[PDB]
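From first to last, the protein sequence lines are chains L, Z, F, S, E and D.
Just so we're aligned, residue 50 is where the first sequence starts under UniProt numbering, counting upward by one.
Just so we're aligned, residue 2 is where the second sequence starts under UniProt numbering, counting upward by one.
Just so we're aligned, residue 2 is where the third sequence starts under UniProt numbering, counting upward by one.
Just so we're aligned, residue 2 is where the fourth sequence starts under UniProt numbering, counting upward by one.
Just so we're aligned, residue 35 is where the fifth sequence starts under UniProt numbering, counting upward by one.
Just so we're aligned, residue 2 is where the sixth sequence starts under UniProt numbering, counting upward by one.
Every residue gets a Cβ at the ideal spot worked out from N, C-alpha and C, and that includes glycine.
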Amino acid sequence: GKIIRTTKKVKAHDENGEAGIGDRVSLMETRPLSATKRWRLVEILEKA
Amino acid sequence: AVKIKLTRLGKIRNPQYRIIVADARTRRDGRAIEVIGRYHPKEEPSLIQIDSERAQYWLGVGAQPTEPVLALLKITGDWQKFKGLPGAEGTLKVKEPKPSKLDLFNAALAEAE
Amino acid sequence: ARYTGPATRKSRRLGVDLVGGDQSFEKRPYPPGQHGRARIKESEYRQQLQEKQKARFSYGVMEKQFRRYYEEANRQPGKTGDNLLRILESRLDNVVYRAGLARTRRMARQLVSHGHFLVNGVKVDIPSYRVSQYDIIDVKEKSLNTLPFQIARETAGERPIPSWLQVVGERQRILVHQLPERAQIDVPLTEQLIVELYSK
Amino acid sequence: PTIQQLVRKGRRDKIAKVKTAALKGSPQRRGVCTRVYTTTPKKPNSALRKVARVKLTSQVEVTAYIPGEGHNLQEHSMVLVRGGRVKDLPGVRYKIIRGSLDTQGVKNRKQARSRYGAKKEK
Amino acid sequence: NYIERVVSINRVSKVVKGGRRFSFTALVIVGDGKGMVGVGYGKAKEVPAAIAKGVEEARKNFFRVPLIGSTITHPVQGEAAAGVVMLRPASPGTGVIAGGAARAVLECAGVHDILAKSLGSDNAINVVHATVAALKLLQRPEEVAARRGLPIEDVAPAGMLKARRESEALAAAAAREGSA
Amino acid sequence: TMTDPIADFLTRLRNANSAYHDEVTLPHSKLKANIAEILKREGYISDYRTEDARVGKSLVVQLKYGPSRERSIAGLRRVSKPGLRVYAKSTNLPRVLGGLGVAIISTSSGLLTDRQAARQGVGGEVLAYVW
RNA sequence: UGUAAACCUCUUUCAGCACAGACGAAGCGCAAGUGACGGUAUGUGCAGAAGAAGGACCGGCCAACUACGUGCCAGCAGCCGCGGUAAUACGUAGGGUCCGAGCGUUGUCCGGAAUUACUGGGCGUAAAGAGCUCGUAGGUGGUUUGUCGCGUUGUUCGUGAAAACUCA
RNA sequence: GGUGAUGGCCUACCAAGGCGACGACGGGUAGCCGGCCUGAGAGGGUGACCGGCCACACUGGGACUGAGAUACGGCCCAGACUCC
């Protein structure tokens, strides 16, 4: 019954090469764009 | 196709069917979609019951029932209704509701006294 | 399987009349055998077993049939002793006995086993047939020529008939009004011991 | 133990000792006796006890114990095996069922005939 | 009238230069079948003597029990030397469900429908002592409402009170059929 | 360090009840206050109040002993502890002593005993058992 | 032994013999017939107790005792363990008990086993605290205002195939 | 380019990147499930019947056909065994 925080990587997509590292993002799933590219960006969200 | 079938159930001597809308490429005691009725011929007045509305739905979407079920539908009037031939001519015979246990007991009492 | 051996034997084994009029029991109510007098290591298991052996040899049930009845009584929503005892007195041989057209439990078992009765329009050659409320056990045509049965219909002023039953006719037509309960029945040993046994 | 320990490692359980391994989950097996002889039990119980040394069809060579008081068994006889602990002996687990494929219901045993394989007097 | 028990007999032996000066023990439980419960560990060279000691010592050391008709109020953990017991109420018609020791205790006490379990210290001595500790940990809802000032309605649920009323009805019935 | 102030509260009351002390002293918090008010309602203790200290506030509790020195609180225990955060649906609420004793739930409607929470229909985090 | 028995009555189920003899098919056909199970199921009668009961166990857990034969033997056994002429424990008789068309045995699994303990366990001596510190990942986190409402909680919708299970 | 279709499914080129002590890469076993058995209940073992899915069809590969192929009772090849 204990709460478990867990980790999970994801591999996603931007058409225009915006986002740097150390950020917070919105996301949405899309039809697969490669092997292991499944999610896309919606809003590069909270700056760093 | 998407036909109307009967599935066999029960035990080895007396059957007690159900009425099914399922694909034709399935098996007899197989998966279903929407059971609608049933049929107990081992009884003499031979029970029949159908949800006529949903039956007419599956007849609308293009089902294609088999001979026996088609006969039952002609009886109950669902086929006659789907085709508007004269109209839903009700041919169904209902079982005789047999006497009530309480009335039997009380009548035997009053007969003895 | 109808047990056949002596009833006197077991009525002496546990030192109680299960038929009542047992003159050989009156003579030798103590147990039988070469060591019938000998002394006892007492225990609770002994009494708990003794209980059900008394019951099932009063009635005729075997252990497996009995255990099925017990599971049913515990499955029901009442409480186990009352439920079981009612379920168990519901049997047909016991019914006809307590109505009195049978002189003995064996005789009732036999008469049903040969199909002499007729329940609401179906032949019944079955002894463990239960009877719910509002059921009319008439007798068939040719129960006449049984001579002690004629004695029954004539002078069955023997052991009393209970309240939830009744007889109303010349062919001795039987009638049930309710299913009994424990305070109504008042038959041998109470059965918390038995419930505890199968609670083991 | 804490719950983080439990989630990180777990409750690894025991594994109990498989009894009667040669039979391979089978109740019996079939056997042929390479030897036939007798052997003495431990120091408290002073007697002389019967023994075989069987080649099973599960391909494991094992002793066996021989109930009753007679035995129709020499080497190469084909018998059948069942399992049973015998406290009197170090390394024995298996018994023999009497009345199967070579062995006979030892004689005059009128009580408990089912266990030894002898018939009823009519 | 009293109900009495004998639920343990071991054969003890002090040892001395001649040899073994044996002796006998006993554990005896007494109960009116209504709530009084007494316990005694009697011993002697003589088994009747030890039994009689246990009898009289149980009749000394009674203890009243918070009953409801035929069943306890609440479940409870009772600890003794190592005797653990998890008593718990039943629903009526269930039976006196326990082993040997606790069965003796509760059947003598008057219980008819109760659960139980031994979880440590299989010895009858400590088992009985733990059961007794549990019965002491029990509390009447009346005394609970007393100690915390509130009334029985806010202190208890409704089903227990149903049991109270129905058992008082059965009891008044029994007594008014007896005398009146 | 400190991690479980509610366990501090409860254990302190338990220790003081065993030592038969009269009044207790803590620092103060909204949650502790609501707990105390619920206990004062349910009947376990006589009274609480808020005095103060050098840097912050402080609670003071006034216990409840029998006239013959009968302790009013028998037992006491925290349930939903850090680590094992125990949550409760209305369908599966805890029953203490058949309902005599008291659970202490933390809900959208605030702290509530189990009965009040059930009558509202609500459920949520559990915090303690009392008897 | 044992009301067990003959004994005089009675009932005749189930099997047995003779006769009749189905529904299962508001169906299929536009022909005239249409049941593999099936001449069975099931009734009708017929003569009559006539054709019909074994298996395991008995020192204790574990309700069930004597005698006899053997007396470190043969042998038994799930554990405690029993046999050196007097055994209720071995094999046979009588007897009794438990079950009953089954009865015992073996094999495997769960249980009891709070004996991997989340509910439901411990670490001074019973087996168990690393030789002691530092600190990464991780875990956990004081008081208080506001905000998000992810966890959480309440309600309703969809779904959770049927059969299984449970209630009538 | 290809597919009924998205896709390194494939291809040329370009950058070198990805995975992992929350156990990858390796090893051993096993068909999954509704359910079944047990148990107070959590939970433990199980996957015979009945039903839904998946893989296979002497062993290993391959494709045509056609709306739809693991193509049992279809084809080609390769091998083991058998037969005229």
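Assuming residue i contacts residue j under a Cβ cut-off of 8 Å, what Cβ separation, rounded to an integer in Å, is found between them?
{"i": "F/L166", "j": "F/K141", "result": "F/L166 to F/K141, Cβ: 20 Å. No contact."}
{"i": "D/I39", "j": "D/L128", "result": "Not confirmed; about 10 Å, so no contact."}
{"i": "E/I131", "j": "E/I106", "result": "That belief does not hold up - the Cβ atoms of E/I131 and E/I106 are roughly 12 Å apart, past 8 Å."}
{"i": "F/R14", "j": "F/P32", "result": "6 Å"}
{"i": "E/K77", "j": "E/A86", "result": "Not a contact, Cβ separation roughly 11 Å."}
{"i": "E/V81", "j": "E/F58", "result": "5 Å"}
{"i": "E/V189", "j": "D/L101", "result": "6 Å"}
{"i": "S/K25", "j": "S/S59", "result": "5 Å"}
Residues in its own chain within less than 7 Å of residue i by CB, not counting five upstream and five downstream?
{"i": "E/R39", "result": "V62, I63, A138 and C142"}
{"i": "D/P83", "result": "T4 and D5"}
{"i": "E/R93", "result": "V64 and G72"}
{"i": "residue 3 of chain E", "result": "Here chain E has residues from 35 to 214 only, and residue 3 of chain E is not among them."}
{"i": "Z/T8", "result": "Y18, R19, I21, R29 and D30"}
{"i": "Z/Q50", "result": "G38 and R39"}
{"i": "S/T39", "result": "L49, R50, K51 and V52"}
{"i": "Z/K94", "result": "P46"}
Among the options, whose alpha-carbon lies nearest the alpha-carbon of residue i?
{"i": "Z/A72", "options": "Z/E35, Z/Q17, Z/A2 and Z/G91", "result": "Z/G91"}
{"i": "Z/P42", "options": "Z/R32, Z/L10 and Z/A56", "result": "Z/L10"}
{"i": "F/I186", "options": "F/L86, F/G170 and F/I127", "result": "F/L86"}
{"i": "D/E52", "options": "D/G124, D/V25 and D/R78", "result": "D/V25"}
{"i": "Z/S53", "options": "Z/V36, Z/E68 and Z/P46", "result": "Z/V36"}
{"i": "S/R36", "options": "S/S47, S/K56 and S/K25", "result": "S/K56"}
{"i": "S/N46", "options": "S/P68, S/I4, S/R31 and S/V87", "result": "S/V87"}
{"i": "L/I53", "options": "D/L113, D/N93, D/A20 and D/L85", "result": "D/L85"}
{"i": "Z/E44", "options": "Z/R32, Z/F83, Z/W80 and Z/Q17", "result": "Z/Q17"}
{"i": "F/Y60", "options": "F/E197, F/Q48 and F/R99", "result": "F/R99"}
{"i": "Z/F106", "options": "F/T147, F/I175, F/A39 and F/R29", "result": "F/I175"}
{"i": "E/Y75", "options": "E/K68, E/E90 and E/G67", "result": "E/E90"}
{"i": "D/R72", "options": "E/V189, E/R122, E/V49 and E/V178", "result": "E/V178"}
{"i": "E/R98", "options": "E/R210, E/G193 and E/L169", "result": "E/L169"}
{"i": "F/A184", "options": "F/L112, F/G82 and F/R131", "result": "F/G82"}
{"i": "S/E62", "options": "S/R31, S/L90, S/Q112 and S/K123", "result": "S/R31"}
{"i": "E/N44", "options": "E/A206, E/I159 and E/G127", "result": "E/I159"}
Compute every distance between the C-beta of residue i and the non-hydrogen atoms of the ligand MG, then say whether any falls below 7 Å.
{"i": "E/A168", "result": "Ligands displayed in this structure: none; no statement on the ligand MG is therefore possible."}
Can you list, in chain order, the residues of its chain whose CB lies under 6 Å from that of residue i, leaving out five sequence neighbours each side?
{"i": "F/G34", "result": "none"}
{"i": "F/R154", "result": "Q173"}
{"i": "F/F67", "result": "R57"}
{"i": "D/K90", "result": "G124"}
Short of 8 Å in beta carbon distance, which residues of its chain neighbour residue i, apart from the five on each side in sequence? Order them along the chain.
{"i": "E/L153", "result": "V118, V119 and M120"}
{"i": "residue 126 of chain Z", "result": "With chain Z running from 2 to 114 in the structure shown, residue 126 of chain Z is simply not present."}
Review point. Listed from N- to C-terminal order along the chain, which residues in the stretch 85–103 of chain Z have their beta-carbon within a distance smaller than 7 Å of any beta-carbon of chain F?
Key: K102 and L103
Check your understanding: Name the residues in the stretch 75–91 of chain F whose C-beta lies less than 7 Å from a C-beta of chain E; which are they?
Key -> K80, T81 and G82
Practice item. Note down, in chain order, all residues in the stretch 71–102 of chain D with a beta-carbon under 9 Å from any beta-carbon belonging to chain E. Key: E71, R72, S73, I74, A75, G76, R96, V97, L98, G99, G100, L101 and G102
Point to revise | the stretch 184–202 of chain E contacting the stretch 97–115 of chain E, beta-carbon criterion three pairs below 8 Å | key: yes
Practice item. Assess, as a yes-or-no matter, whether the stretch 31–49 of chain D is touched by the stretch 176–184 of chain E under the definition of 3 or more beta carbon pairs within less than 8 Å. Key: yes
Practice item. Please name the residues in the UniProt domain "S4 RNA-binding" (91–157) of chain F whose beta-carbon is closer than 7 Å to at least one beta-carbon of chain Z, in chain order. Key: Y135 and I137
Practice item. Evaluate contact between the stretch 82–91 of chain L and the stretch 17–33 of chain Z, counting only Cβ atoms and requiring at least three cross-stretch pairs below 8 Å. Key: no
Exercise for review: With 9 Å as the C-beta to C-beta threshold (strictly closer), list the residues of the stretch 163–176 of chain F near chain Z in chain order.
Suggested key: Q167, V169, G170, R174 and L176
Point to revise | Stretch-stretch touch, CB-based, cutoff 8 Å, three pairs: the stretch 90–106 of chain F with the stretch 52–72 of chain F | key: yes
Review point. Just by C-beta distance, which residues in the stretch 79–100 of chain E are closer than 9 Å to chain F?
Key: none
Review point. Relative to chain E, which residues along the stretch 53–74 of chain F have a C-beta separation below 7 Å, given in chain order?
Key: none
Check your understanding: Quick check: the stretch 97–113 of chain S against the stretch 65–78 of chain S, are there 3 or more CB pairs under 8 Å?
Key -> yes
Review point. In chain order, what residues of the stretch 19–52 of chain D put their CB closer than 8 Å to some CB of chain E?
Key: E43, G44 and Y45
Exercise for review: For the stretch 107–138 of chain E, enumerate the residues whose C-beta is nearer than 7 Å to any C-beta of chain D, in chain order.
Suggested key: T107 and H108
Check your understanding: Using 8 Å as the Cβ pair cut-off and three pairs as the minimum, do the stretch 88–101 of chain D and the stretch 116–123 of chain D touch?
Key -> yes
Exercise for review: Report yes or no: do three or more beta-carbon pairs, one from the stretch 96–112 of chain Z and one from the stretch 134–150 of chain F, lie closer than 8 Å?
Suggested key: yes
Check your understanding: For the stretch 6–29 of chain F, which residues have a beta carbon sitting closer than 8 Å to at least one beta carbon of chain E?
Key -> none
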